[PDB]
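> Below is the structure I would like to discuss, written out as structure tokens.
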Amino acid sequence: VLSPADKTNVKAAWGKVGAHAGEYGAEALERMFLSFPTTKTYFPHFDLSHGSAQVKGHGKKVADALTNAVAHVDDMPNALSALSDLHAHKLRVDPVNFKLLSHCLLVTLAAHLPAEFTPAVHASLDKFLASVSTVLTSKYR
Amino acid sequence: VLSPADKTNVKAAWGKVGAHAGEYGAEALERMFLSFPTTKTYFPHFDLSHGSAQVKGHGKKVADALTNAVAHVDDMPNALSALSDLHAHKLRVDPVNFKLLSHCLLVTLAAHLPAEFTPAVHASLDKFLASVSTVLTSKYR
Amino acid sequence: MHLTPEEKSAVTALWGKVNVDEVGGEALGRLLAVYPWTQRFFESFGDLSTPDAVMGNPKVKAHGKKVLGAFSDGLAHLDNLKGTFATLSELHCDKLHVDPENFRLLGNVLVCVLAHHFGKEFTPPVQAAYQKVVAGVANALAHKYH
Amino acid sequence: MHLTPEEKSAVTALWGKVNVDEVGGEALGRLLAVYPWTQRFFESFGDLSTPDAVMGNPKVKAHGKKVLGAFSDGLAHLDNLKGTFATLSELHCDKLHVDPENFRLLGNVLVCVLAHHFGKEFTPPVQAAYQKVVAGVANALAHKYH
Ligand code: HEM
Ligand code: HEM
Ligand code: HEM
Ligand code: HEM
């Protein structure tokens with residue numbers, strides 16, 4: 001589980017993203033669709049072209065949800081509940097895909113935060129996102 | 001998250017394994033080493049030849065653990081806590097291999113218990129074993 | 001498909017004895033009940049809320065046979081699963097939008113079912129061979145994704 | 001390994017900028033720090049207690065460069081990875097007993113490292129070529145396992 005230092009590293013790094021979080025969400029998804037094309041199977045109704053506005057729009061919905069997880073770092077299972085229902089009952093997304101989203105998020109967080117992406121923080125993020133992904137996947141059956 | 005109907009099916013199925021826990025345990029490991037040979041890397045000090053005394057030996061240990069899991073079904077995280085400390089701090093086993101053993105358990109239970117392996121019980125055990133695994137790979141970092 | 005002439009044989013000899021109607025239906029049935037997120041692709045099949053429902057649904061029973069039938073053609077094309085499945089890959093990717101990861105779930109359920117029908121005969125060595133077989137098949141069903 | 005020539009260019013073109021001495025050290029170091037279970041493998045390297053301890057251990061940096069030098073061999077042979085790595089495949093299996101999944105993690109941490117150094121230059125499309133190459137390499141390191 002997230003240790004104090006983990007929550008500390010996570011808040012510092014997320015805080016530097018600040019305003020740019022919406023554009024990171026989109027760079028994130030974009031990296032995902034390009035490197036792991038199977039993920040697209042879930043977005044056949046979106047336009048997945050470089051720059052698509054449906055992709056930026058969604059990018060922001062995703063970052064906004066990571067921000068609110070940081071904000072409630074100590075109560076994530078109840079803070080992300082709705083999202084946990086949506087992905088399990090309506091969208092029905094295979095859990096392996098979440099580890100690919102997370103990996104592209106680190107790549108994204110790493111290409112914009114050279115000063116801040118140390119080993120320890122890299123270890124605190126990986127843990128955060130895995131913990132985000134577990135909650136979101138928690139009600140599959 | 002195990003429901004009560006889930007818990008009830010498990011208790012039953014295992015109950016019929018009754019005194020063959022071990023034979024099954026060993027069979028499962030044999031099925032695993034053979035179908036997913038990369039799992040052998042965790043047992044370089046074992047005599048993995050067919051019908052080896054170590055595999056069986058080890059078959060039981062694993063089975064007795066599942067039996068304790070079933071009996072403490074509502075409170076696994078405490079009943080398997082030592083085992084967790086073991087698999088994470090000492091053995092350090094990559095969490096993927098857990099899915100491979102589980103599948104080899106189901107396949108063994110399926111081949112030995114025709115009548116009890118209904119699709120409902122199949123689905124139950126599948127959640128049951130994955131629940132053991134989460135608990136066994138939870139103290140990792 | 002690094003299959004040994006002995007593996008190639010093991011598979012082959014045991015399929016011969018398979019009742020395709022029953023197995024196919026059961027694989028699909030179990031697939032949908034154990035890993036219920038797959039129900040998403042089949043909303044037009046009707047009541048798929050409980051195992052007894054999923055297992056009793058005749059559209060499921062019928063699609064199952066078709067699936068296994070395409071599995072059967074594959075065993076007869078073991079050295080070129082890709083060509084044998086190209087067109088199926090595209091359909092599943094381009095028209096149906098199915099995540100290939102389901103393919104693996106199907107192969108694994110598929111193997112469970114077989115050990116349920118043949119009991120003692122479905123030995124570790126036999127399983128081992130089939131595990132390569134279903135994995136060659138999922139990878140071929142997902143070979144033309146883009 | 002479906003590598004298109006653009007993908008080859010992107011890959012080759014970029015790798016020509018890597019100070020392998022340093023990146024290999026960073027990668028191995030990070031592998032050991034973000035997933036400390038891997039440590040089970042290098043008890044002979046001394047202090048691995050904390051980030052700094054890991055990141056600055058000279059047996060780590062020295063090992064990092066040995067690994068990366070082998071990755072480079074690989075990029076000079078993207079058409080026979082399985083051939084390039086067969087002896088390093090046997091080694092890792094028959095003598096070091098290393099689960100191949102660790103190859104996958106290393107691969108991904110390396111993608112992370114590449115990204116860290118080159119910033120905007122690691123464009124989405126570039127990463128994508130890389131994810132294939134590290135996948136290729138991991139399969140090639142996995143092949144002679146038995
Ligand atoms: C950190 C992991 C993830 C988070 C925080 C996240 C969050 C969200 C959020 C906030 C929404 C918008 C909900 C709304 O409509 O009100 C959403 C929807 C959605 N997400 Fe996720 N998601 C994650 C991972 C995934 C991945 C792995 C997939 C599968 C590739 C995925 C696919 C989708 C899809 C298809 C929608 C519906 C979009 C639409 O039809 O407009 N998400 N998610
Ligand atoms: C289904 C979940 C699993 C359970 C319940 C389980 C159970 C056990 C038990 C009871 C022990 C004995 C510890 C003792 O000495 O008292 C053990 C040890 C061990 N386990 Fe697991 N196991 C599981 C999965 C796995 C996984 C997937 C692997 C790796 C392939 C694994 C590898 C090992 C190894 C290498 C030992 C050391 C045994 C020796 O050297 O004698 N186990 N396990
Ligand atoms: C053994 C691997 C699989 C094979 C061989 C297979 C094969 C087939 C075949 C032959 C068709 C017939 C369509 C036609 O004749 O034009 C079909 C349809 C379909 N497959 Fe699969 N499939 C497999 C796995 C999956 C699974 C894992 C999914 C996800 C749950 C899936 C989803 C579908 C859907 C939604 C259809 C169309 C159903 C309809 O028309 O109502 N398939 N498949
Ligand atoms: C790119 C993937 C990898 C490559 C190219 C690679 C390559 C190498 C090479 C060239 C050696 C030196 C061979 C020798 O001493 O004869 C080596 C040694 C070793 N490798 Fe890997 N390796 C990779 C990934 C891994 C990872 C993920 C692990 C496990 C964490 C690992 C474990 C080891 C160990 C334990 C040694 C011997 C350590 C020692 O010298 O005491 N390798 N590796």
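Ligands are numbered from 1 in the order shown, residues from 1 within each chain, and chains are lettered A, B, ... in the order they appear in the structure tokens.
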Find the residues of chain B in contact range of chain C, meaning any atom within 12 Å when counting only C-alpha atoms, and list them as a ChimeraX atom specification.
/B:6,26-37,50,99-100,102-128
> Could you please tell me, as a list in words, which residues of chain D have an atom within 12 Å of chain C when using only C-alpha atoms?
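Per the criterion, chain D yields residues 1, 2 and 143 of chain D.
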> Check every residue of chain B for an atom within 10 Å of chain A, counting only C-alpha atoms, and provide those that qualify as a ChimeraX atom specification.
/B:1-3,123-124,127,138-141
> Keeping only C-alpha atoms, write those residues as an mmCIF file, in the first residue's frame.

data_model
loop_
_atom_site.group_PDB
_atom_site.id
_atom_site.type_symbol
_atom_site.label_atom_id
_atom_site.label_comp_id
_atom_site.auth_asym_id
_atom_site.auth_seq_id
_atom_site.Cartn_x
_atom_site.Cartn_y
_atom_site.Cartn_z
ATOM 1 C CA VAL B 1 -15.260 -10.061 -3.507
ATOM 2 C CA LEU B 2 -16.832 -13.385 -2.674
ATOM 3 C CA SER B 3 -20.560 -13.621 -2.230
ATOM 4 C CA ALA B 123 -17.024 -19.541 -11.833
ATOM 5 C CA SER B 124 -16.909 -19.635 -8.074
ATOM 6 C CA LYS B 127 -12.925 -16.152 -8.099
ATOM 7 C CA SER B 138 -0.252 -8.178 -1.798
ATOM 8 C CA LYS B 139 2.710 -7.581 0.461
ATOM 9 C CA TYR B 140 5.030 -7.053 -2.469
ATOM 10 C CA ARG B 141 5.932 -3.366 -2.299
#
> List as a list in words the protein and nucleic acid residues lying within 6 Å of ligand 4, with only C-alpha atoms and all ligand atoms counted.
residues 38, 41, 42, 66, 67, 70, 71, 96, 98, 102, 103 and 106 of chain D
> Using N, CA, C and O atoms, can you write the selected residues to a file as a PDB file, in the first residue's frame?

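The resulting out_11.pdb:
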ATOM      1  N   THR D  38      12.952  -8.027  -7.947  1.00  0.00           N
ATOM      2  CA  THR D  38      14.020  -8.403  -8.834  1.00  0.00           C
ATOM      3  C   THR D  38      15.383  -8.588  -8.128  1.00  0.00           C
ATOM      4  O   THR D  38      16.142  -9.481  -8.461  1.00  0.00           O
ATOM      5  N   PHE D  41      17.948 -11.472  -7.380  1.00  0.00           N
ATOM      6  CA  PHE D  41      18.928 -11.948  -8.306  1.00  0.00           C
ATOM      7  C   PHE D  41      20.371 -11.442  -8.136  1.00  0.00           C
ATOM      8  O   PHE D  41      21.274 -11.992  -8.745  1.00  0.00           O
ATOM      9  N   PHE D  42      20.586 -10.383  -7.367  1.00  0.00           N
ATOM     10  CA  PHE D  42      21.924  -9.796  -7.301  1.00  0.00           C
ATOM     11  C   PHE D  42      22.413  -9.568  -5.896  1.00  0.00           C
ATOM     12  O   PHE D  42      22.996  -8.513  -5.595  1.00  0.00           O
ATOM     13  N   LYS D  66      26.875  -3.634 -19.236  1.00  0.00           N
ATOM     14  CA  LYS D  66      27.024  -4.942 -19.839  1.00  0.00           C
ATOM     15  C   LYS D  66      25.725  -5.372 -20.512  1.00  0.00           C
ATOM     16  O   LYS D  66      25.746  -6.071 -21.528  1.00  0.00           O
ATOM     17  N   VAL D  67      24.586  -4.945 -19.968  1.00  0.00           N
ATOM     18  CA  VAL D  67      23.289  -5.413 -20.449  1.00  0.00           C
ATOM     19  C   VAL D  67      22.928  -4.674 -21.689  1.00  0.00           C
ATOM     20  O   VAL D  67      22.507  -5.248 -22.697  1.00  0.00           O
ATOM     21  N   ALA D  70      24.469  -5.447 -24.881  1.00  0.00           N
ATOM     22  CA  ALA D  70      23.818  -6.590 -25.503  1.00  0.00           C
ATOM     23  C   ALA D  70      22.505  -6.173 -26.160  1.00  0.00           C
ATOM     24  O   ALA D  70      22.157  -6.716 -27.184  1.00  0.00           O
ATOM     25  N   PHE D  71      21.786  -5.220 -25.586  1.00  0.00           N
ATOM     26  CA  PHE D  71      20.631  -4.679 -26.266  1.00  0.00           C
ATOM     27  C   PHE D  71      21.089  -4.111 -27.639  1.00  0.00           C
ATOM     28  O   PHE D  71      20.513  -4.379 -28.682  1.00  0.00           O
ATOM     29  N   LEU D  96      20.978 -19.035 -14.462  1.00  0.00           N
ATOM     30  CA  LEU D  96      20.544 -18.011 -13.549  1.00  0.00           C
ATOM     31  C   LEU D  96      19.108 -18.195 -13.157  1.00  0.00           C
ATOM     32  O   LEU D  96      18.674 -17.565 -12.215  1.00  0.00           O
ATOM     33  N   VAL D  98      16.088 -17.316 -14.378  1.00  0.00           N
ATOM     34  CA  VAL D  98      15.370 -16.054 -14.380  1.00  0.00           C
ATOM     35  C   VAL D  98      14.020 -16.065 -15.115  1.00  0.00           C
ATOM     36  O   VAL D  98      13.952 -16.295 -16.302  1.00  0.00           O
ATOM     37  N   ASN D 102      10.522 -10.834 -16.013  1.00  0.00           N
ATOM     38  CA  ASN D 102      11.507  -9.821 -15.655  1.00  0.00           C
ATOM     39  C   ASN D 102      12.053  -9.177 -16.919  1.00  0.00           C
ATOM     40  O   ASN D 102      12.391  -8.008 -16.934  1.00  0.00           O
ATOM     41  N   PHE D 103      12.126  -9.915 -18.016  1.00  0.00           N
ATOM     42  CA  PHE D 103      12.605  -9.264 -19.256  1.00  0.00           C
ATOM     43  C   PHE D 103      11.656  -8.182 -19.702  1.00  0.00           C
ATOM     44  O   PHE D 103      12.064  -7.149 -20.268  1.00  0.00           O
ATOM     45  N   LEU D 106      12.005  -5.051 -17.450  1.00  0.00           N
ATOM     46  CA  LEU D 106      13.206  -4.317 -17.814  1.00  0.00           C
ATOM     47  C   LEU D 106      12.840  -3.517 -19.084  1.00  0.00           C
ATOM     48  O   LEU D 106      12.900  -2.318 -19.106  1.00  0.00           O
TER      49      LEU D 106
END
> Distance limit 6 Å, reference ligand 2, atoms considered: only C-alpha atoms and all ligand atoms. Which residues make the cut? Give them as a list in words.
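Sorted by chain and then by number, the residues are residues 39, 42, 43, 61, 62, 65, 66, 93, 97, 98, 101, 102 and 133 of chain B.
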> DSSP on the backbone: which residues in chain D end up as helix (DSSP H, G or I)? Give the answer as a VMD selection string.
chain D and resid 5 to 15 20 to 34 36 to 41 43 to 45 51 to 56 58 to 75 81 to 84 86 to 95 101 to 121 124 to 142
